[PDB]
Structures are given as C-alpha cells and as structure tokens.
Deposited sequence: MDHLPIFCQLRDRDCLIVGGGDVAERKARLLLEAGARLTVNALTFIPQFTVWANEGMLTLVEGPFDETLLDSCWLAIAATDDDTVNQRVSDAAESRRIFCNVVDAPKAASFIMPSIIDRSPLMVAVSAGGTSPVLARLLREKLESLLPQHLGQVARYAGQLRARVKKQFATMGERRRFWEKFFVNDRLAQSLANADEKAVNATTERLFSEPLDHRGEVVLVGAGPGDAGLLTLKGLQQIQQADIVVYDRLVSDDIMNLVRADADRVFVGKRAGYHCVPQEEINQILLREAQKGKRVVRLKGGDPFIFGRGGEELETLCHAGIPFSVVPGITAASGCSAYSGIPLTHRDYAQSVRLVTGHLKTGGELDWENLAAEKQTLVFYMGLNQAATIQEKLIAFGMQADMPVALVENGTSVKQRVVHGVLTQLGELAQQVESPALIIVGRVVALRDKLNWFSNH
C-alpha cells in the first residue's frame, strides 16, 4: 500500500493554501465545502477569493509565503506556479508534521487529493497515487453515474433506524436483506429528498410490514431514441436495480446491454391490455419491475395507460422521462427544432378522426411527424393544398442517434419521394429550421 486513505474532519480546523490563482481556487472550494477554517496566502488573488473573503468565508493574507501561518494548521496546500515557493511550503509543513499537498507534484509532499464522489455522509474517494489522474476521473465518472444523487439522505436516515431493524430482524442475513431493499427504495429516497415526512413514515412502516420477499413496484423508464449514452442517470440506476425488465422492439439493443443478465427480461414486442397485465402480475409477485420504453414514455408511448392499470391495484410506481425521438433526431441531424424567428412553436404530431390540415399548414411552425411514413404522400399533397410554400424544407430522420442513422432532406414537393427511401422508425420534420442542417450537421 503506497498511501493510506483517511477521511478528515476539517470543520473549524485551520488549513492553509499558498497561492491565489485558479489552481488554489479549486482547492479552496474543496476545503470550504468541507468546512475548513481556511487561510489563503498569495502574492496576488484572483477575484473569486476577494468574493469569498467579503462573505467572511475565508481569510486572505497578501504577501510572500510566511511560515508562521502554519503555526496552528492541520493541513497545508501548496498551489503556486513557483516550485521554489512550493518547496518552501512543503519543507515548513514537514518540519511541523503537517500533512501537505503540492498540487503540481503529487509525490513531493505528504498527501494526495483523490477524486471524490460526495453523497455525504456517504463518501467515495479514488486515487492511484498520481500515477494516473485520468484513470481516477474515468472511475469517478462511472461512480457518479451509479450512485443516486440522494443516497446520502437515505444513509442518514438508515442510522436513525439502526435500533429498530435489529430488534425486528434477528439474523444478520435478515437485516442484511432488509438493508438491501431499504437503500434501493425509490419512494423512500424521493420522500426524504422532498421533505415529505408523512410519505417517509408511510414508506418506513410499509418496509417493516411487508415480507422481505416483497419489493413490488413499477418504474416507467424512457430509454431514449437509441443511443445508449442518451439514457438518463436515474434510468440507468433503475435498470441496474430491476428484478424484471419489460421491453419492446423500440428499445435499442445498446440500452438492453446495460441491463445485467441477472435480471429477468420480458419481451413484449400483443395488444396493450396484455402488457398491462404482465406489469400487474409481476409487480404483485413482489418484484422490482422496470418497464423500458423507447424515447419518452409520455409522448405517444401510451405510458399513461399502463400507469392507470397500476393505480387501480395499489402498486407504487414512478416515471423516469427520456429523450423523445424529436429531441434526439434534432440534435443528431443538425436540425434545431426552434431557431431565431423561424418557428414560434414545435408541433409533435402522430400519423377515429384525422388531422387538422389547415392548422398544420400554417407558418412559423416546426412540424415533427411520429409514425408518419405510411402517410407521407398524403402529408405532402395536403400541406401544399393548404397553402404551405412548395420550397419549405423537409427532412426525414431514420434510426436517429444510432450508428445506423440516415437523414434525407429536400423541399416539400419531394417529400413523398424521399419517404419510400427510409423505413421505420423515422421522423418527418417540416419547417425552415431544416435548412440549418448543412451548417450544424456534426454527426454521421
């Protein structure tokens, strides 16, 4: 072992930073967030320090490095661009047995600052001794994506319940299993975060009442339009905690690979009624069910209908929104849905009853047709017949955001022509913003 990680209590402990530039500013933010009684000594200071000083958050000492400033200090940081000053600081700290970091020379003095994932009171720290800061940030990134934002509130509450769980769960197998469902209970975490103290007390007693077997709940998760990177952090966390994942064709294979093989998978790509009962049945057997749907669950996803089935049965649910096809395709095709005065509104529209064509034909809109390929010849002839100018730009985006994305574009009088040239899943975008693609297309 090269270094021993320790977690220091710095509240109201004198710490010293030498330096007043951006390096020192980054270190000082860290120590302020830890509650240090912070002094900063530098020949000059950047404006952020005077701001902190005027708010009484720290003390500034302008001038050359003064070793007597280390007199009552617990930690020192050398954060200048001058190697002779940093060596003076680390030498004075060493002789006082004060742990010291030289920012630009991690093996020069006595401690290294790791990458930190803060879920206080829960904290994770990653370092490799300065041999590989890029690896440390790469690992920090994975951990940040995995650890729910409000886990620390759950950790705090867990400690207050340590006594109750022991008196109810005899063996450590049992309370280990209790703690495992406790730390993944979404209703509890959001109830703690929202300061809804009655939902806390309801969730708390429901967690003690039900069998350890039962963790029944459904999460509707929007998987985004295809690219696995367009899943949300919460969405990834939910599919990592699922007992059962119910998905269909419009969920990309790259998304499905982020589900651990330890979860049951149920493929329902079958009228809507059957899907509703599947979710019902598996939530009532007490499993964590994630219903994965393409894009956003509440935008032509029939997501509402599945949740109404669950409401009439008393099964907790939540929804994780996702990137709808329009947003994904817009960003990845270089076609902004709005721009300057081009469009006062964006219309997301499907392809008994039928569409209001005069309304769709009006100016200053971006039109986005979902499930519109089969009707694309109709859409061309009717938009023209209802006054939309023949030179209106149109684009069709197929498999948007994925490695198979194809974009075709022209004007409206060639819209029906370009539509047989693509296949589902495809969006039809009509409007002046379509012209912007020649400049903004950064993708395939």
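According to the record, C-alpha coordinates are lacking for deposited residues 270 to 276, 359 to 362, 456 to 457.
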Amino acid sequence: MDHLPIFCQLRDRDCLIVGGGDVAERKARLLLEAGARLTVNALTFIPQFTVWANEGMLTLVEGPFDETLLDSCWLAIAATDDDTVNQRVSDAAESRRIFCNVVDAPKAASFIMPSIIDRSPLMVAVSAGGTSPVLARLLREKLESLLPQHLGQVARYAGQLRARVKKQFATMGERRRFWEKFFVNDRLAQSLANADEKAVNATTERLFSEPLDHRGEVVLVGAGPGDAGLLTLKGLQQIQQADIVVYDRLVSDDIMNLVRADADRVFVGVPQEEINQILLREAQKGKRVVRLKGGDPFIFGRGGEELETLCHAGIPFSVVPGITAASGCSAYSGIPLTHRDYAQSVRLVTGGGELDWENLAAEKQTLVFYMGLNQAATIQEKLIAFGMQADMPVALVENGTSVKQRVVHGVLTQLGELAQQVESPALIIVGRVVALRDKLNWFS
From here on, numbers count along this sequence of modelled residues.
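For the pair 320 to 328 and 209 to 217, the mean B factor over Cα atoms is greater in 209 to 217. Checked against the record, the higher mean CA B factor of 67 to 75 and 256 to 264 lies with 256 to 264. Per the deposited record, 274 carries the highest C-alpha B-factor of all listed residues (82, 227, 274, 141). Listed residues 289, 188, 116, 313 were ranked by CA B-factor as deposited; 313 comes out on top. Sort the modelled residues of the chain by CA B factor and residue 351 lands in the highest third. Per-chain ranking of the deposited C-alpha B factor places residue 401 in the lowest third. Looking at the C-alpha B-factors along this chain, the one for residue 408 belongs to the highest third. In the PDB entry, a CA B factor belonging to the lowest third of its chain's modelled residues is recorded for residue 18.
In the PDB entry, a CA B factor belonging to the lowest third of its chain's modelled residues is recorded for residue 41.
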